[PDB]
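We begin with a single chain expressed as structure tokens, specifically the form deposited in one PDB entry.
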């Protein structure tokens, strides 16, 4: 009987219960008792769901109040000393590490900054960086409760035997970093210090009744130095024994084969591999399995929302079985379901035809169960036919296939992805048209939204005000924002984006080929969740998406007004993508759609246009090689397809917040980049690059208003390495999140600073 397995379950709650209780706890509205009770209710509900679905191997320890990686840091005492000085209980040290701590002045006021949040591989999840010192003393924090033991026992008392999930020692160290007081520390060097702590944990788990543990080593999908590769043998020889559970060494998101020698002689009880991302590694990883080791075949996607093709997924599982035996194969999710929304049944608005194409986390439980039944030999012909019916329906739908878009993709060529002239030529035309001063000043697009704008957006959404009346409210807010920038002397203006509530959905809703959810929430970081759009079909742009507000904003000033678009790569990366066509094709369709928009802005007199690509690094393939170099190429091509239809005197800006070669490949006239927190070398990499650059002069995610003189010095430092003729002056990013008084004196200072450089030059 081939078993089914789930690597982890989203913990947020089908009604975002976990957000609501954690935020109430942080705001003082809930007690720690109420927090802990809600966490227990969620874990019970999710274990029972899984048990009811028939899943054999059910996870525990996959729950968290903030981040599972930080949970391990608390558990092993990797807690920087600065957090321990406030008589905080362990849960509150946890939350301090994750989200910072502010305490009144007595001493000057406390503001302890959170530990760094880091992207978890190429997922859209973020973890809290494990942070280590020379003095770090790893040990089990017994008084804090031992989370994996306690949750295991909690499950067992409900009659649900689980498999605890922990991040393994190699990955945990390797993904961490040295704290500021220990900059010469290599985290992996600490392996002999942490191994005993994992061994004690594992002993305690075995003593509690856990017979198997899922031990995640996802760094096996990265390019690993040889000296790191040898550490798996060291680590797992130490851990495996009679006194601990069986270990299933678990990998996801990529290809382990370059590291196969590292895991070919381990004493573990089995492995898990991701055959959704890399089905082609099956043969080779199957080939190294020892006698009795088992193979967990990850065939239900943990990172996207499409209904699994049961035939194709069973076929992958069957190839494994043919190599190693029915007795030694498990059917699994490819990764944790952390990366999927909770339940498709919550959607109130999607048409049944489209819903039929989808499976969210709750549905994926049934999938792994049915697939394991099918390969075990049970008659699930009904479920298979029903599944094959669904698959076939999507394949043929006109929603998926738009022949006009297909025809347009064939038109893509070098000319479509190249400006009419190179930058030096273009610059001559732009100097004639705009005559911008040296050290031109600008901002990134968004400004603080009033309370009245947010109330009116709600009222418009109910028809309580007419479209005409909402437009008037938005234009009034644009006027205010333009008037402000004029009075303080900014040279290239923006409209403040009051009409936009999200950088991707604002465009998706106006594009064909997209579907949206009502409750499709995924954890991004802590209690901050995203509800990604879904790309369902071929993408096109029926009409103007942004032109009206930008033309209004340009109409009330003689200063150049930036139009403002999210780039194709970001819209793709922050959506659930199609799994039937490449990311490349999706990005090029998005590039063509955005080209119509750039073209329409230019035509309407908006001849300065910025394209925001915050998510460019985020799709970077995980290993060096052809995939990675292809991605950088198509990512740049898709941006160039969006932007290369314009006249030479039209000024294209790109905002990033990356490899300088890639930046240069976009051939933007002006770039802005987050830069206020680095190497003076990267700056010199664009010494001889003619196109212009604005390095962010202050942190928009903080609010400590820099003086005029503070700006002058930050600029003098860049000028030592960078010519004055190319330098633009701007903030790090948009100002949507900041308050007006901070915005106003900071901006006023920034301009006053630039003008001093204009006098000197």
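Note that the rigid core is defined as the largest set of C-alphas that superpose within 1.5 Å between two forms. Residue numbers count along the first chain shown, from 1.
Unshown form deposited in another entry; subsequent notes refer to it.
Taking the core as reference between the shown form and the other one, the lone member of 388, 624, 158, 421 whose Cα moves by 2 Å or more is 421. Core-superposed comparison between the shown form and the other one: the Cα of residue 284 travels less than 2 Å.
Positional change of residue 561 between the shown form and the other one reaches 2 Å or more at the C-alpha, relative to the superposed core. After superposition on the rigid core, the Cα of residue 408 moves by 2 Å or more between the shown form and the other one.
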